[PDB]
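S.K.: take these chains first, placed just as they are in the complex:
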Amino acid sequence: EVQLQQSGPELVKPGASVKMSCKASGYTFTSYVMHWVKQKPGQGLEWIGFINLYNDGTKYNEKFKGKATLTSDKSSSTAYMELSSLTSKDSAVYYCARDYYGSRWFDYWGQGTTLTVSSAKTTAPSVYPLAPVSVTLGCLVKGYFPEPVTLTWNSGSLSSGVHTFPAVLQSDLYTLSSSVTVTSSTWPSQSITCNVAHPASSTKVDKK
Amino acid sequence: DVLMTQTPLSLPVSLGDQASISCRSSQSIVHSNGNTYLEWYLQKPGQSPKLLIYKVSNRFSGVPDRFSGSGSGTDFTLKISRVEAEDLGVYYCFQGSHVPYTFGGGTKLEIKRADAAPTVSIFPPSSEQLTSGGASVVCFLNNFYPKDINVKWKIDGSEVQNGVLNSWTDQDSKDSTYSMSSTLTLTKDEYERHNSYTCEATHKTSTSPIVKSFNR
């Protein structure tokens, strides 16, 4: 029942700092040392460092000294991490994993905070229906910053026969599509509605 | 600074079979304790990693006996017996022995399945986007295998490898299939200047390319 909850997404501009959170529940937050890891999207993992939550003594990866700063609020059971002088090379996913023994390897991991380092501004998405020329429909989310978007069909239903393709980046803009395959008995009679909810700018809903 | 190489970069296995993912290290990971702090981590698609083995062979709470770890010194092996479909994802070996803790390159375990042919679906631009001076032609290629497919785009009879976005989703836990999405983002002026649009898919599952087209 040891859970680890991190802060939500973050778009910061090249040159600035940012602090991340890691709430721990279900165990003595001060007992087990906290660990942080970095994984650029589509790449491998990389250990950052660990902080002794009882004394707040920190140990970093020498390549991360000057970038990361491990602190915490032992009373609120929340662990923090600070990244100064952000560059595009730092735009990745940062996890916080608890230590299993001797502050050497990890056992439990958080869901992961997604950091985005870019000067681009927040642009709301544009949803477009995908009508045919069983049948297959679609939903096109085009032109948005920053990630993330939530695309669901029928308020969460119709989870089967649906493929949500990862978003692609082009000219500081995102584009996400999702196809849905349903029985032929449905589209002319029963309607499939797309639900796009970009927490940074808007939330749109449109039928086919 | 010790590096971790994983011999199997990709490993296609059929359900029931066992897989051997090896992870040789750059230096000796044997700490003065006599203990080797070599781990194995699993990161299923769309999820954060989970610990599997934590000494060289010690199984963490949750893993069955199928997963066993062997090898000491600089050569290490992970054995996944009785492979399942919920075992998709990349496997990392992690050493908590020396100064900087370092992972390996990863290993993408692929579930070996029967050959499947894509279900190519094409969609003309939306009337809403057309009013917005935009016209995106989306192409869908779903439920196929292996992942070796090639998508082409033609405009009025001419290969257009220009302004094309391809999106690949992970291997389905249930279907064990892949699905691709290509889209050709043009302008309204550029779109209405042509009549016939196509996206083609060349796959092992078809001696001839799967062609879809329309003319508005």
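M.R.: In hand now; what should we look at? Numbers count the residues shown, from 1 in each chain, chains lettered A, B, ... in the order given.
S.K.: next up, the contacts around residue A:49.
M.R.: A:35, A:36, A:58, A:59, A:60, A:61, A:64, A:68, A:70 (Cβ atoms under 8 Å, 6 or more residues apart in numbering or on different chains). (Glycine included, C-beta is placed from N, CA and C.)
S.K.: that one: which element?
M.R.: In this assignment (DSSP states H and E), residue A:49 forms part of strand A:46-52.
S.K.: tally of neighbours for residue A:99?
M.R.: By other Cβ atoms under 10 Å in any protein chain shown, 21 other residues sit near residue A:99.
S.K.: should've said residue A:41
M.R.: For residue A:41, the neighbour count with other Cβ under 10 Å is 11.
S.K.: hmm, it is touching residue A:112, no?
M.R.: No: Residue A:41 lies out of contact with residue A:112 (Cβ atoms under 8 Å); the separation is 10.7 Å.
S.K.: buried set for stretch A:58-75?
M.R.: A:58, A:60, A:61, A:64, A:67, A:68, A:69, A:70, A:72 (16 or more other Cβ atoms under 10 Å in any protein chain shown).
S.K.: which helix or strand contains the closest residue to residue A:51 other than its chain neighbours?
M.R.: Nearest residue to residue A:51 in three dimensions, chain neighbours excluded: residue A:70, at 3.9 Å (Cβ to Cβ, 6 or more residues apart in numbering or on different chains). In the assignment (DSSP H and E), residue A:70 maps to strand A:68-73.
S.K.: spit out the contact partners of the nearest residue to residue A:99 once chain neighbours are set aside.
M.R.: Nearest residue to residue A:99, sequence neighbours excluded (Cβ to Cβ, 6+ apart): residue A:33, at 4.1 Å. Shown in contact with residue A:33 (Cβ under 8 Å, 6+ apart): A:50, A:51, A:52, A:53, A:98, A:99, A:103.
S.K.: give me the distance between the nearest residue to the fourth one once chain neighbours are set aside and residue A:51.
M.R.: For residue A:53, ignoring the flanking residues on the chain, the nearest one in space by Cβ to Cβ, 6+ apart is residue A:30 at 5.0 Å. As judged by Cβ to Cβ, to the nearest Å, residue A:30 and residue A:51 stand 11 Å apart.
S.K.: include RNA strand C too:
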RNA sequence: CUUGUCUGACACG
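M.R.: The block that follows adds RNA strand C to the chains above:
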């Protein structure tokens, strides 16, 4: 559960 320990980390003196 109790006793005798082994071990890694951090803080401190």
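S.K.: check the contacts of residue A:49 one more time with RNA strand C there.
M.R.: So residue A:49 contacts A:35, A:36, A:58, A:59, A:60, A:61, A:64, A:68, A:70 (Cβ under 8 Å, 6+ apart).
S.K.: residue B:54 touches residue A:105, doesn't it?
M.R.: Yes: between residue B:54 and residue A:105 a contact is recorded at 6.2 Å, counting by Cβ under 8 Å.
S.K.: between those two, which contacts overlap?
M.R.: Jointly contacting residue B:54 and residue A:105 under the rule Cβ under 8 Å, 6+ apart are residue B:39.
S.K.: what count of nearby residues applies to the residue in chain A positioned nearest to RNA strand C?
M.R.: Closest residue of chain A to RNA strand C, Cβ to the nearest atom of the strand: residue A:57 (2.1 Å). Residue A:57 has 12 neighbours, counted by other Cβ under 10 Å.
S.K.: in strands only, show me the contacts of residue A:49.
M.R.: A:35, A:36, A:58, A:59, A:60, A:68, A:70 (DSSP state E).
S.K.: burial measure for the first one, as a count.
M.R.: Residue A:35 is flanked by 29 other residues according to other Cβ under 10 Å.
S.K.: is it true that it touches residue A:96?
M.R.: Yes: counting by Cβ under 8 Å, residue A:96 is a contact partner of residue A:35 at 7.0 Å.
S.K.: contacts only, for the residue of chain A found nearest chain B.
M.R.: Relative to chain B, the nearest point of chain A is residue A:104 (3.1 Å; Cβ to the nearest Cβ). Residue A:104 is in contact with B:37, B:96, B:97, B:101, counting by Cβ under 8 Å, 6+ apart.
S.K.: leaving out sequence neighbours, find the closest residue to the first one.
M.R.: Read that as residue B:37. Closest residue to residue B:37 apart from its sequence neighbours, by Cβ to Cβ, 6+ apart: residue B:96 at 4.0 Å.
S.K.: what about the one you found, neighbour count?
M.R.: For residue B:96, using other Cβ under 10 Å, the count is 23.
S.K.: pretty sure it contacts residue B:36?
M.R.: No: between residue B:96 and residue B:36 there is no contact under Cβ under 8 Å: 9.6 Å.
S.K.: let's add DNA strand D too:
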DNA sequence: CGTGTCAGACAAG
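M.R.: DNA strand D now in position relative to the chains above:
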């Protein structure tokens, strides 16, 4: 040299 906190392991009573 030592001291404290923290955990994960142990053998034996």
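S.K.: revisit the contacts of residue A:33 given that DNA strand D is now included?
M.R.: Per Cβ under 8 Å, 6+ apart, neighbours of residue A:33: A:50, A:51, A:52, A:53, A:98, A:99, A:103.
S.K.: so does the strand holding residue A:49 get close to RNA strand C?
M.R.: Yes: Strand A:46-52 reaches RNA strand C (Cβ under 7 Å from any atom of the strand) through A:50, A:52.
S.K.: what two of the contacts of residue A:33 are the furthest from one another?
M.R.: The distance between the two most remote of those (Cβ to Cβ) is 12.7 Å, for A:52 and A:98.
S.K.: burial measure for residue 126, as a count.
M.R.: Because you didn't say which chain, this covers chain A. Count around residue A:126 with other Cβ under 10 Å applied: 20.
S.K.: look at chain B instead
M.R.: 22.
S.K.: ditto for residue B:18
M.R.: Residue B:18 sits with 12 neighbouring residues when counted by other Cβ under 10 Å.
S.K.: same deal with residue B:158?
M.R.: For residue B:158, using other Cβ under 10 Å, the count is 8.
S.K.: and the gap between it and DNA strand D?
M.R.: 65 Å (Cβ to the nearest atom of the strand, to the nearest Å).
S.K.: now that residue: how far from chain A?
M.R.: Going from residue B:158 to chain A by Cβ to the nearest Cβ, to the nearest Å gives 21 Å.
S.K.: same check on residue B:52?
M.R.: Per Cβ to the nearest Cβ, residue B:52 is found 11 Å from chain A.
S.K.: doesn't residue B:189 fall inside a helix?
M.R.: Yes: the assignment for residue B:189 by DSSP: H, G, I helix; E, B strand; the rest coil puts it in a helix.
S.K.: neighbours around it, how many?
M.R.: Residue B:189 has 9 nearby residues by other Cβ under 10 Å.
S.K.: just to revisit the earlier point, got the contacts of residue A:33 as TSV, with distance to DNA strand D columns?
M.R.: Formatted as TSV, the contacts of residue A:33 follow (distance: Cβ to the nearest atom of the strand, whole Å):
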residue	distance to DNA strand D
A:50	12
A:51	13
A:52	7
A:53	9
A:98	10
A:99	9
A:103	8
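S.K.: all good on my end, thank you.
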